[PDB]
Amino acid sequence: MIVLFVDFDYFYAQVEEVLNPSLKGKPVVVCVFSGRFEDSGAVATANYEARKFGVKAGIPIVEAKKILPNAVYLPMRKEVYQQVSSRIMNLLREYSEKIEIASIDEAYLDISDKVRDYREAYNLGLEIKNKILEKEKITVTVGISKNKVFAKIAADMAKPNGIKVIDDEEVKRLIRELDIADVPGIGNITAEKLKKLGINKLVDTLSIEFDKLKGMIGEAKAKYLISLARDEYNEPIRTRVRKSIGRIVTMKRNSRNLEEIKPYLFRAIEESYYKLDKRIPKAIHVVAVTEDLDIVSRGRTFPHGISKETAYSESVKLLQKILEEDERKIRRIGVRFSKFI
């Protein structure tokens, strides 16, 4: 194939800079405030100035402030970012309609029916960066290679404001040379199970017995790694359809009182139903984060769609089934709907 991957640079932070140009040059932090105390919550993203000091996505806002006290801290306005990303995705459906929209800021493009070779895709890539830089002022990074995986890897190396091709010879080079931890889908838990087997490159997966690999990282992740090591990984760019819709909130204090948790859970239901929008779920799950940050959940499928009033009652049952079967207090409560009609 010819796959073209685009991922927007420090996206939420950069949108705030587009909307408020006097931020360019200072470190910007976009935050998901939780409401337990002043500055509780986590960082959604920071721009590249703030990353130099270790302020990146996922870390506590308090930790970010101990490092960069006088950085600008903005609250996460996701609805604004979704609107700008939709407009950039509509720009991308003009360069192929085989398009995989994989996050709020990523898309894979099957440009096999649209250019010839890699120098023909590298130039379409600059066409897309320029068209995006002018229509919406956002810089992006482009990866191009023979499949979706090495496309993403390509952009990960080219970041920020970059565009990199990985051709077939470097794909072979990287199957030998790239640390396997840098393959998409390989987190820290997978990455150390692989080192405890002496696997550090993709090619080492061809040298180990399969069932030993399958027993340690699972059948699916083993076949995924081996097919990448054989240069056999070929997977279609396909249109993804949302299979879950939910909402989860943080309670102002840890609790296990049914009457006290209920408002939090009902607002999560009301919000999910708005987002559901004509879609009808047959399946519902209640999700709780305990005071020690474990994640517990109880669900139930139905033979028919779930009305909002049902959802309301079913969740209180599922939520009690949690306070029953578990001992710890609850920190965050949420609901998730699936199995649409």
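Throughout, we count residues from 1 along the sequence that is shown.
S.K.: Looking only at CA atoms, which has the higher mean B factor in the entry: 116 to 124 or 159 to 167?
M.R.: Between 159 to 167 and 116 to 124, it is 116 to 124 that shows the higher mean C-alpha B-factor.
S.K.: Return whichever of 204 to 212 and 102 to 110 has the greater mean Cα B factor according to the PDB record.
M.R.: Per the PDB entry, the higher value belongs to 204 to 212.
S.K.: Of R77, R247, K221, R176, which one's C-alpha B factor is largest in the deposited record?
M.R.: Top of the list by C-alpha B-factor: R176.
S.K.: From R253, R87, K152, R267, pick the one with the largest CA B-factor in the entry?
M.R.: It is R253.
S.K.: Place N147 in the lowest, middle or highest third of its chain's C-alpha B-factors, as listed in the PDB entry.
M.R.: Tercile = middle for this residue's CA B-factor.
S.K.: Check where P27 lands among this chain's C-alpha B-factors and tell me if it's the lowest, middle or highest third.
M.R.: For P27, the deposited C-alpha B-factor lands in the middle third.
S.K.: Using the temperature factors of the C-alpha atoms in this entry, rank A191 within its chain: lowest, middle or highest third.
M.R.: Ranked within chain, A191 CA B lands in the lowest tercile.
S.K.: Split the chain's modelled residues into thirds by Cα B-factor; is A311 in the lowest, middle or highest one?
M.R.: For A311, whose C-alpha B-factor we compare with every modelled residue in the chain, the answer is the middle third.
S.K.: Which third of the chain does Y95 land in by C-alpha B-factor: lowest, middle or highest?
M.R.: Top third by C-alpha B-factor.
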